[PDB]
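Q: Handing you this structure, nothing more for now.
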Amino acid sequence: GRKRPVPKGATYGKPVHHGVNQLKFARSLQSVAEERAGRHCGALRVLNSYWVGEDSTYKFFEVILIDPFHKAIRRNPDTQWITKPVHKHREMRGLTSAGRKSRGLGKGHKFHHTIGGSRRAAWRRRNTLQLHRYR
Amino acid sequence: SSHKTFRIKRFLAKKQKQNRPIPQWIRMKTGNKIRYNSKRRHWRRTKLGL
Amino acid sequence: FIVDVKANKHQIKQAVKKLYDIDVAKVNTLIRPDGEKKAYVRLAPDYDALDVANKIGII
Amino acid sequence: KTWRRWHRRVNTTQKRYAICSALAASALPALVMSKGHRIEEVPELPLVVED
Amino acid sequence: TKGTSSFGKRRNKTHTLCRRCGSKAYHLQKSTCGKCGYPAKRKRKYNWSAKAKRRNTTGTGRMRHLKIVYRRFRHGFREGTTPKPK
Amino acid sequence: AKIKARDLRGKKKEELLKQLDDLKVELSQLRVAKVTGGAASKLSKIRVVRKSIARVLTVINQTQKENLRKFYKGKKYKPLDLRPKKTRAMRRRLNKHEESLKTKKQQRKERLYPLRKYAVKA
Amino acid sequence: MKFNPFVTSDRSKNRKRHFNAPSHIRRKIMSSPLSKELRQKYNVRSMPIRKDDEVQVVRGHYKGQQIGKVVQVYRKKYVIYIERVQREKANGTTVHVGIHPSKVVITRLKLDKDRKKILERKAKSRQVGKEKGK
Amino acid sequence: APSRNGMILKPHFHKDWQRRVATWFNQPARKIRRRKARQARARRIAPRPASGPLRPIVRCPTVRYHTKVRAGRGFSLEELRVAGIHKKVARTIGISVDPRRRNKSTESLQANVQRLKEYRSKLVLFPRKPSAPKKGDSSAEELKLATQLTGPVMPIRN
RNA sequence: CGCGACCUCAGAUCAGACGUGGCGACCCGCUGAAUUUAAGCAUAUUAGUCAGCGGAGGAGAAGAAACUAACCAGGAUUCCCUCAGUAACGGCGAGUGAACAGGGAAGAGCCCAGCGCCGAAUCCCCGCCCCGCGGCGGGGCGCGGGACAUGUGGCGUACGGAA
RNA sequence: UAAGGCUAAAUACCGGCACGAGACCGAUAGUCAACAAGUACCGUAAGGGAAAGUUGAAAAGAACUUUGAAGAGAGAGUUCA
RNA sequence: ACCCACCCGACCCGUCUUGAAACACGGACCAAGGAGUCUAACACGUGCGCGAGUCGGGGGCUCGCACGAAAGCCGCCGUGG
RNA sequence: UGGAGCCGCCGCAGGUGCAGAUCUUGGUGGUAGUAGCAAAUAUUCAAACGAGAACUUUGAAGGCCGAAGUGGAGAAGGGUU
RNA sequence: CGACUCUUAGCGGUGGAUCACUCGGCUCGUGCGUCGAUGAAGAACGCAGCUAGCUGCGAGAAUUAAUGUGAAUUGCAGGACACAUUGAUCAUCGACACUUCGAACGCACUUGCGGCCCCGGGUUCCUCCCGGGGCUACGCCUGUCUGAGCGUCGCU
Ligand SMILES: [Mg+2]
Ligand SMILES: [Mg+2]
Ligand SMILES: [Mg+2]
Ligand SMILES: [Mg+2]
Ligand SMILES: [Mg+2]
Ligand SMILES: [Mg+2]
Ligand SMILES: [Mg+2]
Ligand SMILES: [Mg+2]
Ligand SMILES: [Mg+2]
Ligand SMILES: [Mg+2]
Ligand SMILES: [Mg+2]
Ligand SMILES: [Mg+2]
Ligand SMILES: [Mg+2]
Ligand SMILES: [Mg+2]
Ligand SMILES: [Mg+2]
Ligand SMILES: [Mg+2]
Ligand SMILES: [Mg+2]
Ligand SMILES: [Mg+2]
Ligand SMILES: [Mg+2]
Ligand SMILES: [Mg+2]
Ligand SMILES: [Mg+2]
Ligand SMILES: [Mg+2]
Ligand SMILES: [Mg+2]
Ligand SMILES: [Mg+2]
Ligand SMILES: [Mg+2]
Ligand SMILES: [Mg+2]
Ligand SMILES: [Mg+2]
Ligand SMILES: [Mg+2]
Ligand SMILES: [Mg+2]
Ligand SMILES: [Mg+2]
Ligand SMILES: [Mg+2]
Ligand SMILES: [Mg+2]
Ligand SMILES: [Mg+2]
Ligand SMILES: [Mg+2]
Ligand SMILES: [Mg+2]
Ligand SMILES: [Mg+2]
Ligand SMILES: [Mg+2]
Ligand SMILES: [Mg+2]
Ligand SMILES: [Mg+2]
Ligand SMILES: [Zn+2]
């Protein structure tokens with residue numbers, strides 16, 4: 001897990017946020033791997049990853065990255081979508097499969113949050129006052 | 001300081017060039033609004049961007 | 001002279017020399033409190049300094 | 001603020017009533033003259049012209 | 001002696017001119033700025049001081065590439081051609 | 001008196017260079033004369049000599065650069081100067097051919113099930 | 001009215017556009033009309049005035065019939081100076097009084113190839129207007 | 001404080017609403033824009049119905065709406081199959097197809113079929129070239145109309 | 001005690017490529033208070049909000065159901081109206097608080113892996129010729145190199161597909 | 001029908017380029033900023049941060065005499081003023 | 001309405017306060033600026049339109065908007081409240 | 001006086017009326033020609049220049065700092081002094 | 001009457017209210033929706049005949065070329081040009097050019113040290129010396145070369 005990084009305990013404030021130990025990071029470990037791989041290989045572009053093992057203290061992953069300007073990707077139409085500059089850093093924006101999970105979006109009743117694009121948008125649309133021209 | 005660095009000396013030497021007053025033939029110019037230089041400096045009072 | 005502040009003494013001695021069909025003994029820079037590299041340029045005894053001056057335009 | 005209530009709205013049925021009133025007192029030369037319109041030598045006050 | 005007397009011994013300096021951002025704020029012991037973070041790659045900014053932010057955004061300076069891009073774009077980004085000569 | 005790009009274009013390279021040096025030289029004569037009072041009439045020239053220099057200079061560089069990209073025209077790997085500078089992103093677009101490559105599959109659909117023009121009510 | 005939605009009617013925007021207009025645009029602004037003798041001949045209302053077009057002042061103090069040659073146009077100041085339109089200073093030295101092209105009238109143009117062609121353009125586009133109206 | 005008789009009321013102005021108020025000074029512009037784009041879609045798809053593609057009759061769900069009838073997303077596969085239309089062609093003659101629609105009741109099935117039967121009839125399929133092959137309709141029904149249908153095609157009256 | 005395959009792994013100012021910072025109104029991903037309210041205050045609230053970090057594009061994100069429903073049933077996402085200040089949550093206090101259905105804007109659908117068949121039928125790169133060449137592309141021709149069976153390409157993907 | 005993936009469109013837009021408009025403000029207002037303003041200046045630094053519009057249609061901006069070392073005036077003059 | 005004269009009357013306003021001319025606080029002078037707003041939600045009153053209805057939004061149709069980012073219209077006229 | 005715009009009526013709209021807020025900004029009085037220009041012994045005579053000299057310069061006299069200096073030289077700092 | 005004081009008015013000052021202006025804001029709307037190793041944003045230092053600042057530009061430095069425009073610019077100079085000529089000046093902007101820091105890139109931030117290839121003087125490849133030119137960042141991808149290992153095997 002992720003302990004809360006603060007000097008000694010010392011989460012100054014009300015006694016709720018006082019937790020520093022038993023609390024858990026939003027993205028998953030696979031989605032940390034996919035990020036760190038991407039982050040290191042900034043030219044490359046993360047397609048997806050997979051679990052290969054795990055010790056106590058470690059998990060291990062194999063992230064599948066693509067060179068988006070190697071003709072064999074570029075030229076093949078099925079691939080070339082990755083080249084396009086939107087898909088710059090999918091793993092950073094939360095768009096790998098492992099990334100996507102944490103945003104917490106699907107269809108149907110067990111979601112409702114995320115029912116714009118995403119958790120922020122739903123909340124945005126819900127706390128805009130729409131103040132119409134005529135009221 | 002008399003142990004200047006080139007960088008400093010250059011920076012000082014721009015400042016001294018910028019200090020000179022306005023040329024009087026400015027003030028006859030057609031759309032003139034500037035009587036005196038204002039941005040002038042005097043080493044004894046006001047002490048540089050250092 | 002007033003010289004481009006990027007100059008060495010080597011560059012001035014071979015700049016001068018080219019332009020004025022002249023041979024220098026020793027260049028000797030300083031930088032003015034201004035942005036000007038002023039070179040003092042000793043000419044080798046066989047050439048005069050007053051003569052060349054008139055040649056170039058000053059006096 | 002921008003979100004002051006600038007626009008206002010009016011029932012359709014009233015708007016129409018209004019426009020009627022208005023068309024009715026486009027006739028009635030007194031009123032038209034009282035509204036200033038210099039209408040002294042005009043011939044017949046719902047003043048209709050060939051097309 | 002906390003006060004006036006001691007303003008005496010302001011002989012020597014912390015900061016100097018940064019090389020990236022021109023400010024007199026590059027800390028000589030720390031070898032950084034505190035204005036841009038010089039040696040740190042990414043330009044320091046902070047979304048608390050908006051005022052600071054505005055004092056140097058794109059528009060603030062010469063824009064000597066960025067402006068002439070906007071011209072170029074406008075007309076089309078044309079390259080390697082000329083108008084029809086006389 | 002006037003130098004005009006017009007004529008320079010055609011002239012031989014060595015000639016142009018001489019003409020430049022001749023100006024450069026004059027420009028030193030002036031700047032000395034600026035120092036020594038000289039005359040007002042001279043301190044116009046100082047501006048004129050500059051652009052006349054810049055003009056020669058430019059035209060030289062132009063000819064030279066034309067002749068470069070006459071040479072490299074056709075060559076696959078050409079220098080970065082002579083490469084086209086649209087905009088960072090706009091040189092990483094897809095390759096005009098590449099973005100209109102279809103998959104064999106997508107063609108097969110374009111053959112078999114094309115959009116028909118149609119109307120309704122008759 | 002105007003109707004075109006890329007034009008102004010906007011005190012300030014016009015004024016800036018006038019006062020901060022550049023010289024080649026101020027050529028068009030400092031235009032003046034042609035006297036009725038020319039107007040007949042060239043079939044042109046008006047012409048951007050120039051260094052040595054002879055000219056009658058129409059309004060102001062100097063208002064007269066005295067056909068002066070324009071001396072010089074001061075496009076910075078939107079104003080032309082005219083042969084004899086001048087006033088003594090306190091120290092005796094004469095000074096050209098600035099007159100504004102629109103209160104003047106051209107009585108003899110200074111025709112060159114370019115100006116001739118312009119007047120040929122204006123006639124042409126006039127007569128096309130007349131042919132369209134007919 | 002409250003003061004003598006009147007709805008206790010909880011109004012939701014506790015978060016920073018003013019940061020996120022949405023004003024509708026757009027709207028008129030947006031009515032215009034959308035409309036322009038609408039008009040331009042029509043002029044693009046010259047004789048095809050502006051409306052878009054033919055859409056099927058469908059009951060609404062739930063004991064409430066139950067009795068009312070709407071337009072569907074598209075015609076289901078049973079309905080094409082029976083009307084005798086290849087599913088990948090239907091998209092190309094202006095026929096909305098969803099495939100996720102189950103078809104339980106025989107009545108609705110035959111209704112939609114009767115639509116598609118009706119539609120194909122009153123359709124004026126142009127040919128590929130001006131040089132006419134089979135299917136593409138006669139030069140009569142082509143000259144007399146390269147004409148659009150403004151409004152949803154075969155409107156769904158309940 | 002050599003020479004050779006491959007494997008894993010190094011070094012190169014090796015050949016050609018690409019990422020690096022900025023801007024940040026809007027968007028995505030984390031991170032995340034406390035003033036405040038509750039007439040005190042601790043859960044609650046302020047708020048997943050300010051500040052912090054990351055990454056984008058002309059938009060982003062979303063999206064072609066492990067959906068809603070329970071009906072005579074609808075049929076990707078987004079957006080508006082409505083649902084609804086409702087169901088629900090809450091020291092059931094203060095406060096919070098959606099969703100389907102209905103009407104609208106728009107509307108567009110698809111491809112792999114797999115399972116199988118096709119002499120790898122595929123790809124990248126070098127070199128000569130013709131065209132074209134300021135978004136490096138088309139055709140031809142090389143016992144010229146590599147990638148590829150630890151699986152490329154066509155067919156096909158749940159609306160079923162193959163023979 | 002999950003644990004692989006692509007997808008225009010309505011939607012967003014206090015930054016940018018460029019336009020239009022306003023029952024808005026009218027130089028203590030309106031942007032900190034109508035002007036050589038993020039300027040001057042302050043602070044080691046982060047940062048803070050102003051003031052400041054208006055002769056006249058035209059410079060015709062007061063030649064010349066006179067008093068005074070001059071600043072200053074007295075006359076004279078320009079100006080519709 | 002300017003000054004002056006005399007008779008009578010007459011304490012300095014603002015404020016909190018049971019009580020202020022107070023030995024209660026604010027106020028040297030003058031100019032300009034300066035404080036019950038706007039949105040939402042209810043309530044009652046009142047005016048108008050229609051009436052077992054009413055309703056307009058949101059959308060749509062009518063134009064390049066000069067006035068129009070209006071106005072008009074809609075088996076949407078009623079999904080819906 | 002000034003020198004370019006303004007008002008009555010009927011309606012609509014509001015950033016609509018100031019003595020105070022130790023209110024904000026600017027300006028001005030009384031105080032007042034007042035408090036003050038008193039730390040470290042010291043000035044004088046002549047001459048010059050000059051419109052003009054208690055203070056400038058030159059000479060003379062009398063004085064002080066009294067080599068841990070009120071002398072000569074540098075560092076830091078200043079930035080043309 | 002005297003001086004002073006107070007009051008009122010007239011004229012003077014002080015000060016900048018008022019009113020009238022407005023190349024500025026503020027708001028709403030529309031259309032585009034573009035930065036960067038081909039060196040961005042930003043910074044610095046430079047550049048005018050006389051120029052301090054603002055602006056504009058980059059050692060070709062108040063701008064070169066090209067197109068369009070068709071006689072200026074103008075504070076004063078001084079000049080050009082034949083304005084019956086690619087032609088003043090403006091505008092546009094497609095060609096050319098774009099000093100030093102800066103993601104900033106040979107290593108260092110002193111402007112301090114360097115390496116390797118090519119040229120000119122210097123030699124007569126004699127290395128030195130000077131000057132010039134071109135390379136010398138990190139990470140990563142496809143290929144290439146050179147290699148490593150009691151890694152897995154093959155033949156000798
Ligand atoms: Mg809490
Ligand atoms: Mg999981
Ligand atoms: Mg000091
Ligand atoms: Mg396939
Ligand atoms: Mg529709
Ligand atoms: Mg509390
Ligand atoms: Mg309280
Ligand atoms: Mg408390
Ligand atoms: Mg919460
Ligand atoms: Mg934040
Ligand atoms: Mg970025
Ligand atoms: Mg997307
Ligand atoms: Mg899926
Ligand atoms: Mg309700
Ligand atoms: Mg909440
Ligand atoms: Mg396969
Ligand atoms: Mg997606
Ligand atoms: Mg002001
Ligand atoms: Mg003011
Ligand atoms: Mg102001
Ligand atoms: Mg005023
Ligand atoms: Mg004026
Ligand atoms: Mg004034
Ligand atoms: Mg007057
Ligand atoms: Mg009491
Ligand atoms: Mg008492
Ligand atoms: Mg009190
Ligand atoms: Mg007091
Ligand atoms: Mg007031
Ligand atoms: Mg009522
Ligand atoms: Mg006036
Ligand atoms: Mg108002
Ligand atoms: Mg007051
Ligand atoms: Mg005294
Ligand atoms: Mg002693
Ligand atoms: Mg000394
Ligand atoms: Mg000493
Ligand atoms: Mg004033
Ligand atoms: Mg003022
Ligand atoms: Zn810095």
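Numbering starts fresh at 1 for the residues of each chain in the structure tokens, the chains themselves are lettered A, B, ... in the order given, and ligands are numbered from 1 as they appear.
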Taking 6 positions as the minimum chain separation for residues in the same chain, which residues sit within 10 Å of range 22-31 of chain E when counting only C-alpha atoms (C1' of nucleotides)? Answer as a PyMOL selection string.

A: (chain B and resi 49-50) or (chain E and resi 13-16+37-39) or (chain J and resi 44-46) or (chain M and resi 42-44+101)

Q: How would you write, as an MDAnalysis selection string, the set of residues in chain F that DSSP gives as helix (DSSP H, G or I)?

A: chainID F and resid 5:8 13:35 40:71 89:91 98:100 104:112

Q: Which residues in chain E does DSSP call strand (DSSP E)? List them as an MDAnalysis selection string.

A: chainID E and resid 15:17 24:27

Q: Next, write the just-selected residues to a file, as a CSV table (one decimal), in the first residue's frame, keeping N, CA and C atoms as the atom set.

A:
chain,number,residue,atom,x,y,z
E,15,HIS,N,22.0,36.1,-3.4
E,15,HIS,CA,21.6,35.8,-4.8
E,15,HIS,C,22.4,36.4,-5.8
E,16,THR,N,22.2,36.0,-7.1
E,16,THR,CA,22.6,36.8,-8.2
E,16,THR,C,21.7,36.6,-9.4
E,17,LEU,N,22.1,37.1,-10.5
E,17,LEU,CA,21.4,36.9,-11.8
E,17,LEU,C,21.3,35.5,-12.2
E,24,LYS,N,17.3,38.5,-10.4
E,24,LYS,CA,18.4,38.5,-9.5
E,24,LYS,C,17.9,37.7,-8.4
E,25,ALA,N,18.0,36.4,-8.5
E,25,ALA,CA,17.4,35.5,-7.6
E,25,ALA,C,18.0,34.1,-7.5
E,26,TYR,N,19.2,34.0,-8.1
E,26,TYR,CA,19.8,32.7,-8.3
E,26,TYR,C,20.7,32.5,-7.1
E,27,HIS,N,20.4,31.6,-6.2
E,27,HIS,CA,21.0,31.5,-4.9
E,27,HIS,C,22.4,30.8,-5.0

Q: Need to verify the contact set: residue 56 in chain K, 10 Å, only C-alpha atoms (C1' of nucleotides), exclusion of same-chain residues closer than 5 positions in sequence. Can you return it as a PyMOL selection string?

A: (chain A and resi 134) or (chain D and resi 9-12) or (chain K and resi 77-78)

Q: Those same residues, written as a PDB file, in the first residue's frame with N, CA, C and O atoms (P, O5', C5', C4', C3', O3' and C1' of nucleotides)?

A:
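Contents of selection.pdb, as written:
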ATOM      1  N   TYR A 134     -34.219  32.636 -19.883  1.00  0.00           N
ATOM      2  CA  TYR A 134     -35.545  33.135 -19.492  1.00  0.00           C
ATOM      3  C   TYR A 134     -36.008  32.774 -18.128  1.00  0.00           C
ATOM      4  O   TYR A 134     -36.835  33.493 -17.590  1.00  0.00           O
TER       5      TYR A 134
ATOM      6  N   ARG D   9     -40.006  37.191 -19.786  1.00  0.00           N
ATOM      7  CA  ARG D   9     -40.791  36.420 -20.714  1.00  0.00           C
ATOM      8  C   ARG D   9     -42.227  36.718 -20.479  1.00  0.00           C
ATOM      9  O   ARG D   9     -42.585  37.216 -19.413  1.00  0.00           O
ATOM     10  N   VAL D  10     -43.044  36.479 -21.494  1.00  0.00           N
ATOM     11  CA  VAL D  10     -44.439  36.934 -21.466  1.00  0.00           C
ATOM     12  C   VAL D  10     -45.302  35.899 -22.125  1.00  0.00           C
ATOM     13  O   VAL D  10     -44.902  35.269 -23.115  1.00  0.00           O
ATOM     14  N   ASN D  11     -46.488  35.721 -21.561  1.00  0.00           N
ATOM     15  CA  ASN D  11     -47.395  34.729 -22.086  1.00  0.00           C
ATOM     16  C   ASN D  11     -47.706  35.084 -23.507  1.00  0.00           C
ATOM     17  O   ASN D  11     -47.791  36.251 -23.864  1.00  0.00           O
ATOM     18  N   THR D  12     -47.901  34.064 -24.309  1.00  0.00           N
ATOM     19  CA  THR D  12     -48.199  34.256 -25.703  1.00  0.00           C
ATOM     20  C   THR D  12     -49.504  34.986 -25.904  1.00  0.00           C
ATOM     21  O   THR D  12     -49.594  35.936 -26.674  1.00  0.00           O
TER      22      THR D  12
ATOM     23  P     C K  77     -46.859  17.131 -28.221  1.00  0.00           P
ATOM     24  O5'   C K  77     -47.652  18.502 -28.343  1.00  0.00           O
ATOM     25  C5'   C K  77     -47.126  19.797 -27.960  1.00  0.00           C
ATOM     26  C4'   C K  77     -48.301  20.684 -27.673  1.00  0.00           C
ATOM     27  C3'   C K  77     -49.376  20.779 -28.761  1.00  0.00           C
ATOM     28  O3'   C K  77     -50.696  20.402 -28.303  1.00  0.00           O
ATOM     29  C1'   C K  77     -48.984  22.847 -27.794  1.00  0.00           C
ATOM     30  P     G K  78     -51.104  18.842 -27.947  1.00  0.00           P
ATOM     31  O5'   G K  78     -50.817  18.740 -26.376  1.00  0.00           O
ATOM     32  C5'   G K  78     -50.443  17.505 -25.701  1.00  0.00           C
ATOM     33  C4'   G K  78     -49.005  17.555 -25.212  1.00  0.00           C
ATOM     34  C3'   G K  78     -48.785  17.609 -23.707  1.00  0.00           C
ATOM     35  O3'   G K  78     -48.862  16.465 -22.830  1.00  0.00           O
ATOM     36  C1'   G K  78     -47.488  19.287 -24.687  1.00  0.00           C
TER      37        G K  78
END

Q: Around ligand 34, out to 12 Å and counting only C-alpha atoms (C1' of nucleotides) and all ligand atoms, which residues are there? I want them as a ChimeraX atom specification.

A: /L:32-37

Q: For the selection you just gave me, I'd like the residues written to a file as a PDB file, in the first residue's frame, keeping N, CA, C and O atoms (P, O5', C5', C4', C3', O3' and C1' of nucleotides).

A:
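Saved result, out-v8.pdb, follows:
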ATOM      1  P     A L  32       2.487  78.421  17.907  1.00  0.00           P
ATOM      2  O5'   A L  32       2.587  79.066  16.457  1.00  0.00           O
ATOM      3  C5'   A L  32       3.287  80.314  16.316  1.00  0.00           C
ATOM      4  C4'   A L  32       4.005  80.355  14.998  1.00  0.00           C
ATOM      5  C3'   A L  32       3.090  80.619  13.803  1.00  0.00           C
ATOM      6  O3'   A L  32       3.709  81.559  12.953  1.00  0.00           O
ATOM      7  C1'   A L  32       4.456  78.748  13.381  1.00  0.00           C
ATOM      8  P     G L  33       3.113  82.988  12.795  1.00  0.00           P
ATOM      9  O5'   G L  33       4.214  83.685  11.884  1.00  0.00           O
ATOM     10  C5'   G L  33       5.501  84.049  12.427  1.00  0.00           C
ATOM     11  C4'   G L  33       6.455  82.868  12.511  1.00  0.00           C
ATOM     12  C3'   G L  33       7.878  83.234  12.941  1.00  0.00           C
ATOM     13  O3'   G L  33       8.388  82.211  13.785  1.00  0.00           O
ATOM     14  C1'   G L  33       7.981  82.160  10.875  1.00  0.00           C
ATOM     15  P     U L  34       9.925  82.169  14.146  1.00  0.00           P
ATOM     16  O5'   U L  34       9.949  81.265  15.445  1.00  0.00           O
ATOM     17  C5'   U L  34       9.083  81.575  16.543  1.00  0.00           C
ATOM     18  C4'   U L  34       8.369  80.347  17.043  1.00  0.00           C
ATOM     19  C3'   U L  34       9.249  79.147  17.344  1.00  0.00           C
ATOM     20  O3'   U L  34       9.787  79.318  18.654  1.00  0.00           O
ATOM     21  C1'   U L  34       7.344  78.473  16.092  1.00  0.00           C
ATOM     22  P     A L  35      11.148  78.568  19.098  1.00  0.00           P
ATOM     23  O5'   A L  35      10.810  77.024  18.857  1.00  0.00           O
ATOM     24  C5'   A L  35      10.263  76.181  19.900  1.00  0.00           C
ATOM     25  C4'   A L  35      10.492  74.729  19.575  1.00  0.00           C
ATOM     26  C3'   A L  35      11.932  74.325  19.292  1.00  0.00           C
ATOM     27  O3'   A L  35      12.690  74.030  20.454  1.00  0.00           O
ATOM     28  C1'   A L  35      10.561  73.460  17.610  1.00  0.00           C
ATOM     29  P     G L  36      14.185  74.605  20.597  1.00  0.00           P
ATOM     30  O5'   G L  36      14.829  74.316  19.167  1.00  0.00           O
ATOM     31  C5'   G L  36      15.654  73.158  18.951  1.00  0.00           C
ATOM     32  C4'   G L  36      15.608  72.711  17.507  1.00  0.00           C
ATOM     33  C3'   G L  36      16.803  73.117  16.668  1.00  0.00           C
ATOM     34  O3'   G L  36      17.829  72.167  16.881  1.00  0.00           O
ATOM     35  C1'   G L  36      14.828  73.600  15.500  1.00  0.00           C
ATOM     36  P     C L  37      19.236  72.626  17.457  1.00  0.00           P
ATOM     37  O5'   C L  37      19.991  73.084  16.130  1.00  0.00           O
ATOM     38  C5'   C L  37      20.388  72.045  15.234  1.00  0.00           C
ATOM     39  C4'   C L  37      20.663  72.528  13.839  1.00  0.00           C
ATOM     40  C3'   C L  37      21.642  73.662  13.634  1.00  0.00           C
ATOM     41  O3'   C L  37      22.963  73.170  13.669  1.00  0.00           O
ATOM     42  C1'   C L  37      19.808  73.913  12.188  1.00  0.00           C
TER      43        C L  37
END

Q: Give me, as a count of residues only, the contact residues of chain A against chain I at a cut-off of 10 Å, counting only C-alpha atoms (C1' of nucleotides).

A: 58

Q: Mind listing the residues within 9 Å of ligand 6, only C-alpha atoms (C1' of nucleotides) and all ligand atoms counted, as a list in words?

A: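 Sorted by chain and then by number, the residues are residues 36, 37, 38, 39, 40 and 41 of chain I.
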
Q: As JSON, numbers by chain, please: the residues near residue 97 in chain M (cut-off 12 Å, only C-alpha atoms (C1' of nucleotides), same-chain neighbours under 5 positions excluded).

A: {"F": [54, 55, 57, 58, 59, 60, 61, 62, 65], "M": [57, 58, 59, 60, 61, 63, 64, 65]}

Q: For residue 37 in chain C, please output as number ranges by chain all residues within 9 Å (counting only C-alpha atoms (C1' of nucleotides); exclusion window: fewer than 3 positions along the same chain).

A: C: 1-7, 29-32, 34

Q: Would you save the residues of that selection, restricted to N, CA and C atoms, as a PDB file, in the first residue's frame?

A:
ATOM      1  N   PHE C   1      42.156  51.676 -31.499  1.00  0.00           N
ATOM      2  CA  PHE C   1      40.942  51.272 -32.163  1.00  0.00           C
ATOM      3  C   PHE C   1      39.878  50.832 -31.203  1.00  0.00           C
ATOM      4  N   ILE C   2      38.661  50.853 -31.714  1.00  0.00           N
ATOM      5  CA  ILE C   2      37.532  50.198 -31.109  1.00  0.00           C
ATOM      6  C   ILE C   2      37.182  49.018 -31.992  1.00  0.00           C
ATOM      7  N   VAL C   3      36.997  47.897 -31.329  1.00  0.00           N
ATOM      8  CA  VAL C   3      37.099  46.604 -31.920  1.00  0.00           C
ATOM      9  C   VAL C   3      35.850  45.858 -31.485  1.00  0.00           C
ATOM     10  N   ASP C   4      35.501  44.785 -32.190  1.00  0.00           N
ATOM     11  CA  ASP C   4      34.452  43.895 -31.715  1.00  0.00           C
ATOM     12  C   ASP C   4      34.962  43.102 -30.519  1.00  0.00           C
ATOM     13  N   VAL C   5      34.213  43.194 -29.430  1.00  0.00           N
ATOM     14  CA  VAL C   5      34.593  42.582 -28.162  1.00  0.00           C
ATOM     15  C   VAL C   5      34.787  41.060 -28.222  1.00  0.00           C
ATOM     16  N   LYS C   6      34.313  40.412 -29.278  1.00  0.00           N
ATOM     17  CA  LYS C   6      34.650  39.016 -29.493  1.00  0.00           C
ATOM     18  C   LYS C   6      36.109  38.759 -29.916  1.00  0.00           C
ATOM     19  N   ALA C   7      36.882  39.806 -30.215  1.00  0.00           N
ATOM     20  CA  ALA C   7      38.243  39.650 -30.744  1.00  0.00           C
ATOM     21  C   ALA C   7      39.316  39.231 -29.738  1.00  0.00           C
ATOM     22  N   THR C  29      44.742  44.782 -25.610  1.00  0.00           N
ATOM     23  CA  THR C  29      43.325  45.135 -25.419  1.00  0.00           C
ATOM     24  C   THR C  29      43.017  45.751 -24.078  1.00  0.00           C
ATOM     25  N   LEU C  30      41.912  46.478 -24.056  1.00  0.00           N
ATOM     26  CA  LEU C  30      41.114  46.592 -22.863  1.00  0.00           C
ATOM     27  C   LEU C  30      39.668  46.729 -23.211  1.00  0.00           C
ATOM     28  N   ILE C  31      38.805  46.538 -22.222  1.00  0.00           N
ATOM     29  CA  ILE C  31      37.381  46.766 -22.410  1.00  0.00           C
ATOM     30  C   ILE C  31      36.966  48.047 -21.708  1.00  0.00           C
ATOM     31  N   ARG C  32      36.364  48.945 -22.482  1.00  0.00           N
ATOM     32  CA  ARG C  32      35.835  50.198 -21.953  1.00  0.00           C
ATOM     33  C   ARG C  32      34.643  49.905 -21.060  1.00  0.00           C
ATOM     34  N   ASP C  34      31.584  50.250 -20.998  1.00  0.00           N
ATOM     35  CA  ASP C  34      30.730  50.752 -22.073  1.00  0.00           C
ATOM     36  C   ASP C  34      30.254  49.676 -23.023  1.00  0.00           C
TER      37      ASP C  34
END
